[PDB]
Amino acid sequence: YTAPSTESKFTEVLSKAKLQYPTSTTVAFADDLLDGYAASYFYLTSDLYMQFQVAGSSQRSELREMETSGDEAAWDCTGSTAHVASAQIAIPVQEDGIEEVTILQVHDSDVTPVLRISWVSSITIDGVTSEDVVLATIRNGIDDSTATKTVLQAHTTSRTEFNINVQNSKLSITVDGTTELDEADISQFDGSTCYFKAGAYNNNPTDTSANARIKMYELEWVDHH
């Protein structure tokens, strides 16, 4: 397998990441990734996509945001400093039995995802069913398992620009340059710290042997002061 590190467009984000697979345990740290880490679940395609692939319920092949110092990313979820994740993602047609795949997250430093962006085979929101869409899920609180869900985009196989902007207790998502979630409130994470994630996180498959698969042509995360 060809390593994503062979493409300079990924050098910086890999320097600022560690790879988790198939669960929360890190399999490759930044220096491992930069030294050519590659596997069936994480490799560079011939047309220069970083592809994540994983099977199993709640299993993942996922990059977790890091500082170049080796510190885990842990920024104030609702602080004044803006944190931005940008990715160009091609979501292929998912294999039979794959029902939801999380491709980007804002996660707190414990057990709660602030935001998941995920492809879903179907979803029903306030009595409206949507099929084959890309979704934003924002948990209502650490002690509230419920979430506010928002359809962002009809699923396409085409390469799509996703931007997550977090600042001052609000979170915004743009898709191909169009705001699809405008300053959603995340004050329920006051006092939490946060980090970005990107990859393939397989949610509630009906075939635990099927492979979820997500491709990224560009990926970066930054802050601005």
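Residues carry their position along the shown sequence, with the first being 1.
In this entry, 208 to 216 has the higher mean Cα B-factor, the comparison being between 10 to 18 and 208 to 216. In this crystal structure, the stretch out of 182 to 190 and 62 to 70 whose C-alpha atoms carry the higher mean B factor is 182 to 190.
In this structure the maximum Cα B-factor among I138, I117, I91, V128 is found at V128. Which of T146, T102, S86, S109 has the largest Cα B-factor in the deposited entry comes down to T146. When the modelled residues of the chain are ordered by C-alpha B-factor, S40 sits in the highest third. Compared with the other modelled residues of the chain, the Cα B-factor recorded for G177 ranks in the highest third.
For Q167, the recorded CA temperature factor ranks within the highest third of the chain's modelled residues. Sort the chain's modelled residues by C-alpha temperature factor and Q53 lands in the middle third, per the entry. In the PDB entry, a CA B factor belonging to the middle third of its chain's modelled residues is recorded for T160.
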